[PDB]
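Here the structure comes first, spelled out in structure tokens, and everything after it is commentary.
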Amino acid sequence: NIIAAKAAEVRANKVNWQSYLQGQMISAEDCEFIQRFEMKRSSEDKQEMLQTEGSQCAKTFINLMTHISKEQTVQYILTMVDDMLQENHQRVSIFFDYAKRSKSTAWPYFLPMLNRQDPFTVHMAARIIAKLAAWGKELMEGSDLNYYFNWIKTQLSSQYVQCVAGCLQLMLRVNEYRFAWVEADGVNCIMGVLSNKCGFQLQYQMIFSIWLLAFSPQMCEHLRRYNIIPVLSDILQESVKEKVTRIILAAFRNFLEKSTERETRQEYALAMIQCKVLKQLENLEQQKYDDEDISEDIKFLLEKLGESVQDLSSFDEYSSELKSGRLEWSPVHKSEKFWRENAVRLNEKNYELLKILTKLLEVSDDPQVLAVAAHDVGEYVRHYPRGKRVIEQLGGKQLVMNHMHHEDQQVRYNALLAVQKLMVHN
Amino acid sequence: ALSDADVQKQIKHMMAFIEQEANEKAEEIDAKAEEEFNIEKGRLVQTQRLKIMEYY
Amino acid sequence: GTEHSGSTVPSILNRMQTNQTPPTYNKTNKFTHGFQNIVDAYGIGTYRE
Amino acid sequence: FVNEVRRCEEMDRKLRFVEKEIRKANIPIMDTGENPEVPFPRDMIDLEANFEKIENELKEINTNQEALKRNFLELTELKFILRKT
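Chains as they are written, first to last, in the authors' numbering: chain D, 17 to 173, 195 to 463; chain P, 2 to 57; chain A, 347 to 395; chain W, 51 to 135.
As structure tokens, then:
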């Protein structure tokens, strides 16, 4: 609230620009524009600003902003100019104040500027930097803004930081420069500031910038390498602030609807493995809201996540990983439909899968892969009492009895479950 | 004051709430409008690029 | 409560008057509860009685 | 807001299930104290879902050991039939 408080504080202060309209101390000419268009609610004034032709508007006011430069003198002049530059609802709109003769009005004047990031100076600089997205003027050099400390030193220190980030998120709209910033290490900085703990408003701004960046399919594909989806689902679990849940849901929706390449969408299975976001949706569906976006997106995500888990439920990659011996806890293992209809696929040539899992159980000592294999074998033998006789003939029951007494009581418990499924009719 | 000051505080917080909420809503509508913009522009580029390629 | 879950909640409270009768109440202790129970066994009377 | 109360009733049913189970087991209750311990997250719903999963696998262990004893009831019979000539 610091910046709004300052703005309200110095809104009421009326400077004596008339004492030097074209007079003493402060210059002597640039009050011919100020005296015009004092009525900001006037259609005539906002349409006759073009009569200025830019000659004074943002041509001499530019470098007047540096003419005055006192913590009292230029704080009042600063706001009396930049509050008009800030309101700007339709007064300039698409760069009406043009100033074609000199480029410094458009951009290169702020190199000495970007100093004292506290008395609103960096704030005016950021606001005039915020003249690209909804304003018709193409930035001359992206690196003249992306690599300056106006945001870097404000990352760590807070309403001034919030306002800076607000200008940044207002500007991050069109991909032609968001790409330029993504090529930089800015993604790492966004991730680090995200991991940093701070106010929930700032966290919202960060996820909001992430949502804006989610527009780009190919650059999302490039930035797949970072673990943004689970860090975002984690902060979703850690915080419920309504708008934050909506924006995170919209970001996941953006990923799912862009989907550059199904091959590069390995995160489809991660979205449940890393944390079951469906379990959160199971509760969030019960809470209804007036916003059609929330309901439509949660329904659409429920359907798509159903498709994702159903497609993930398969035997080909399953048997591939079971052969390779890397048994992670995939949710397909517990999928009942696999053992209701697809159970006979485990019966390969000479029960190759079952025998090699017996061999891998004998070989590996890792409790979690042992548990996974034992549970799969138990759920398979649960339905085929003929394969139960085959397994008993093989002698894997003795292997499970040996693994029952074990350092990991979880493996012991799972081994008891498996031996019990064998104790069915036996 | 205390009661009147509390009333003023309540009014200020309500104004802040509407401000933040519907400001974010407005930008959400504008972002949907940007997606909108790019989709329609892409369809247009396809339709025109067709005839361009035959003529050339 | 607000500093337990801080989100800029002033928890404002206003006083207003009306005609609805407030409900009676009388603080007791370990050696007047029996008598309060016996007296309220025959109902509880009007306000400020 | 009735959904929260319905979920609480489900929670109560599961807690009664474990309560009657531990009363059949006759395990003395501790009750150390700690009456003022109420927390205020929203995440404990997941934890109590996990404990209801613990109660579900408990129901499994009961419905399973009953089968085990039934199997033994005929195992001993087979042993007795074997003892004779």
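C-beta atoms are modelled at their ideal positions from N, C-alpha and C, and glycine is treated no differently.
- Scanning chain D for C-beta atoms nearer than 8 Å to the C-beta of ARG92 of chain W yields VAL277, reported in chain order.
- Here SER351 of chain D has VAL369 as same chain residues with Cβ atoms under 8 Å from its own Cβ, once five neighbours each way along the sequence are excluded.
- With a threshold of 8 Å between beta carbons, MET309 of chain D makes no contact with chain W.
- Contact check for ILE428 of chain D against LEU391 of chain D passes: the beta carbons are separated by less than 8 Å.
- If you look at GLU54 of chain W, you'll find it in the alpha helix (DSSP H) that goes 52-75.
- It is roughly 10 Å from the alpha-carbon of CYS204 of chain D to the alpha-carbon of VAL198 of chain D.
- With a threshold of 8 Å between beta carbons, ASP7 of chain P makes contact with chain A.
- Taking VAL97 of chain D as the centre and dropping the five residues before and after it, the same chain places the C-beta of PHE77, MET81 closer than 7 Å to its C-beta, in chain order.
- By the CB criterion at 8 Å, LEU108 of chain W and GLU71 of chain W fall inside the cutoff.
- For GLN11 of chain P, the chain A residues whose Cβ falls inside 8 Å of its Cβ are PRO356, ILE358, in order along the chain.
- For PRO89 of chain W, no alpha helix (DSSP H) encloses it, and the DSSP letter there is neither H nor E.
- For the options D:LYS396, D:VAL346, D:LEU459, D:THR95, the alpha carbon positioned closest to that of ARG419 of chain D is the one of D:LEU459.
- In this structure the region 43-53 of chain D does not lie against the region 226-235 of chain D, because fewer than three pairs of beta carbons, one per stretch, are closer than 8 Å.
- Exposed is the label assigned to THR135 of chain W, since fewer than 16 other Cβ atoms lie within 10 Å of its Cβ.
- For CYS257 of chain D, the enclosing alpha helix (DSSP H) covers residues 254-259.
- For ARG423 of chain D, the enclosing alpha helix (DSSP H) has its first and last residue at 422-431.
- Between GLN242 of chain D and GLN206 of chain D, the beta carbon gap of about 6 Å places them in contact (Cβ cut-off 8 Å).
- A straight-line Cα-Cα distance of about 42 Å links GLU102 of chain W and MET15 of chain P.
- With its beta carbon less than 8 Å from one in chain P, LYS280 of chain D belongs to the interface.
- Interface annotation, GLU35 of chain P: in contact with chain D, CB-CB separation under 8 Å.
- By the neighbour-count criterion, in which a residue is buried when 16 or more other Cβ atoms sit within 10 angstroms of its Cβ, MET438 of chain D is exposed.
- Using a Cβ-Cβ cut-off of 7 Å, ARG210 of chain D is close to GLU35 of chain P, given in chain order.
- Near chain W, meaning a CB-to-CB distance below 9 Å, no residue of the region 237-264 of chain D qualifies.
- Counting only residues of its own chain and dropping the five nearest sequence neighbours on each side, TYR305 of chain D has a CB closer than 6 Å to the CB of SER345.
- With a cut-off of 8 Å on Cβ pairs, the region 326-344 of chain D is not in contact with the region 376-388 of chain D, counting fewer than three such pairs.
- Close partners of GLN435 of chain D in chain W (Cβ separation under 7 Å) are lacking, with about 19 Å as the shortest Cβ gap.
- For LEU128 of chain W, not one C-beta of chain D is nearer than 8 Å to its own C-beta.
- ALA27 of chain P and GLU20 of chain P have their alpha carbons spaced roughly 10 Å apart.
- Approximately 10 Å separates the beta-carbon atoms of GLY415 of chain D and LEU453 of chain D; this is outside 8 Å, ruling out the contact.
- The C-beta distance from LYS280 of chain D to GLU25 of chain P rounds to 6 Å, short enough to meet the 8 Å contact threshold.
- Taking 8 Å as the cut-off, the beta carbon of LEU130 of chain D is found closer than this to the beta carbon of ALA141 of chain D.
- Assigned with DSSP and collapsed to three states, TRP123 of chain D falls in coil, not helix or strand.
- For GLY152 of chain D, the three-state secondary structure derived from DSSP is coil.
- When only Cα atoms are considered, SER401 of chain D and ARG299 of chain D end up about 34 Å apart.
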